[PDB]
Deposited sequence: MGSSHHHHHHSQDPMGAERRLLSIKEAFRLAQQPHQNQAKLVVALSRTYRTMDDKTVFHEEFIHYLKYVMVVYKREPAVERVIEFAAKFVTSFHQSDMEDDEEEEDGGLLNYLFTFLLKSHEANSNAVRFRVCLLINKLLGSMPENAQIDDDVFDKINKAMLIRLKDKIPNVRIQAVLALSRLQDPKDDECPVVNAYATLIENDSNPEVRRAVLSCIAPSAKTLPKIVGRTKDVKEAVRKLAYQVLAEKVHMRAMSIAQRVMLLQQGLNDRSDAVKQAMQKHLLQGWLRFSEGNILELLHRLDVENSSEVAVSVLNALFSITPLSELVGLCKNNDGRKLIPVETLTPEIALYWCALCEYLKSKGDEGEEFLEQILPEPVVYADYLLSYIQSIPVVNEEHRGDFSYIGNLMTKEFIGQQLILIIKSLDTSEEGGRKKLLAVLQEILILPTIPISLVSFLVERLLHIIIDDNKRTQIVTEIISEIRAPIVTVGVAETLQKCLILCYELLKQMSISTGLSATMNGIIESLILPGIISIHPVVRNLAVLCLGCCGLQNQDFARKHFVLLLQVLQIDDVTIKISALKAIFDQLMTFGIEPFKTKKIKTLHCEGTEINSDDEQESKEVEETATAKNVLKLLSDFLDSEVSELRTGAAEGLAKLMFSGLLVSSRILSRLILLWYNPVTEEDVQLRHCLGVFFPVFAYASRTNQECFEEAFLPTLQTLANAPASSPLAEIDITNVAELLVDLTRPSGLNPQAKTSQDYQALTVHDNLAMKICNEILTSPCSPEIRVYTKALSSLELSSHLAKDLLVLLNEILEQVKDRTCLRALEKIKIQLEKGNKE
């Protein structure tokens, strides 16, 4: 008949039908008597393909055959199972891999303590040295999961492995098997942050295809949508959008509005717009505009935000969108009455009405006609004049209003008209509303038309008196407005610059931040010099805020000083020393803005020019000596001096006539020679050895290094210095 060896030798061949070989050998099996002789024969020849780790296709064909055949005293599949479980600890990596592989394939093709021994054995192999063996074990144990039974030992291992396995495929393996349960869900969605692109891509598929939209909190849905949308690879973008978003959209019945309700549109609206824009670009306009029956007044925030994001979209699809845009929007003026009638309906806590209000106020820049401008400006003015309106909408209305006017003087006038209106009757929020207009006027105002004599009215009437206001919310906008004015006229800045400094030290903290912004924007625009010809100490003030207890002030001071340096407006090896120190200071570890800002500045500032590097070289010794002289109490004593010196040498390399590193070598040899047995002797020598020394400095340097070799007593530093000596001698 057909013997097992022929059957296997045949299955080895590429083009050889397997359905046939099953039938041929299958008879050979039943035709034999005492099946155990066949049983022992089957395993014997199966061994020839269990001892090969590499995926040669011949080997793979036999495995598939032996597995397919078997699953198409107790035996034969049970005989084979018994054999596999006894061999799963074999010293050969191949065997252990094949054993798990076969068990996996067996468990997958088939229609007693064997289930228990498998579950036990594969659970062991989850810890295999060889990654592939662990993978097969995961695939093997996949069918043997149980979500309902809490703390299953398969789902547990999966929970551990999916996050903790060194090997990406092992994780990617567990990610495709893991059953979406309550404890499991967080691990699965957590793989959308996996280092490997293939794991991240897959996490969105399993999420979209194995987990229900309900199982995920609203917060998680926004994290997934946002995260996947701006993920480093378009492979991951497309993966989330294809499987997850279009899947989440499908549960909505392919309706976008219903989907929005699920994304908590009020708070995370920016993300929602992104989702909208991504979704918009893949559906015809006839359908997107269809979601809107001219406006319908009783609406949800999901409805408002949709129409607003669609109108802005439709205006961007230039010509085609013109047709579909005119379908949903009424002519500019009739919209004004529509806008107005809504704002009136505002005195349980309907924040929701403020949000929806913004969305309609924001639709204004999708309208358009000279008559209509005046009647939009009309309602906008009316709304701004009306009390009871929340300040949240003020800024948005003012911006929409100022956009249209075109003329800086006409803006200042239309504004002046509005403030005088609000100033007639009689509290602090009426001052806030006004200053909000002043601010939004100053920031959009071009520098040319600086301080129109009408503005000086508002400056004298509203802006200046605002600074001494008893209400803190008033002062803040006052300062912000003053700084915007100072940017307009240099002489104006000069007069009130001293006032701005006053606000810096005396006033409330949140006002200070505004003050810093003001002062720094003015120093960046007019330089430091014109302000020392009243405040001779301006640089001292801003500097002492680096040692502030408030994060916003450290980061404000630090960044503002970094900006002044980068544009060559400030040269200070002191402040630069205080900056480098601030960046290494432990007190700053949770000041993300600060630490990140400087991290970019130091390098880009250093390599910009020699004078910049020279600034670092001048700061070298004072920095490390500030460190070495720090008492145990200060956070500075915590700092590592070697890290700082290496950074300074790094920033000062000529790979970015006596070079800067040549001057440094001098400074350092002069220092080493001053105190050769200093506690920092090790640091200075390392700095010395890592320098990029010019060729012509060698003879002069050699002279110094010899004397250093005489005075330095640390045997460690000496061996390094001798090593430097031989290099020079070359």
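Gaps between the deposited sequence and the modelled structure occur at positions 1-20, 93-105, 145-150, 333-339, 394-406, 428-429, 488-491, 599-626, 750-761, 836-839.
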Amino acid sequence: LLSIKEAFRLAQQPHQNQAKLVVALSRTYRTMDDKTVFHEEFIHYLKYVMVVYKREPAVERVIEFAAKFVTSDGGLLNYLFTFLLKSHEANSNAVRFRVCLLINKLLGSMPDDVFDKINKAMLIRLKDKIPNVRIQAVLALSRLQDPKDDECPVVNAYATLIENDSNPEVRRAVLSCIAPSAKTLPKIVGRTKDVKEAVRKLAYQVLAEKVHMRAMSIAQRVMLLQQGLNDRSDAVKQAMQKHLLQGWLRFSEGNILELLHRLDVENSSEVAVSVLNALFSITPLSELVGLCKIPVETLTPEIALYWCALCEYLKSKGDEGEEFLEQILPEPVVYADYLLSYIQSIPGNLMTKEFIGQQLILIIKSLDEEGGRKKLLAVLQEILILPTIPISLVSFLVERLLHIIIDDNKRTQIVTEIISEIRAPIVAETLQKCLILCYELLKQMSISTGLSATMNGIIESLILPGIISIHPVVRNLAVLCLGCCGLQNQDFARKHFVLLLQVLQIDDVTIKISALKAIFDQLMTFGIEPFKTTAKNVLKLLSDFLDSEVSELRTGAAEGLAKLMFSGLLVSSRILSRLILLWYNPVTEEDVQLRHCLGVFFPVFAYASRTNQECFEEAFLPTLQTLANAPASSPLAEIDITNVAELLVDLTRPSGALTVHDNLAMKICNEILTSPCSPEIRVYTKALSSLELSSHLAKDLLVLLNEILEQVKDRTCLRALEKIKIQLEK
From here on, numbers count along this sequence of modelled residues.
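Taking only CA atoms, the mean B-factor in the PDB entry is higher for 336-344 than for the other of 336-344 and 609-617. Taking the mean C-alpha B-factor of each stretch as recorded, 163-171 and 357-365 are not equal, and the higher mean is that of 357-365. Of all the options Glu559, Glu323, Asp650, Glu197, the entry's greatest CA B-factor is assigned to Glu323.
By the numbers in the PDB entry, the CA B factor is greatest at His496 among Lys563, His496, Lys517, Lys210. Sort the modelled residues of the chain by CA B factor and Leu500 lands in the middle third.
When the modelled residues of the chain are ordered by C-alpha B-factor, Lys5 sits in the lowest third. Residue-level temperature factors show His696 in the middle third of its chain, judged at the C-alpha atom. In the deposited entry, the Cα temperature factor of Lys317 sits in the top third of values across the chain's modelled residues. Ranked by C-alpha B-factor against the other modelled residues of its chain, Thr283 falls in the highest third.
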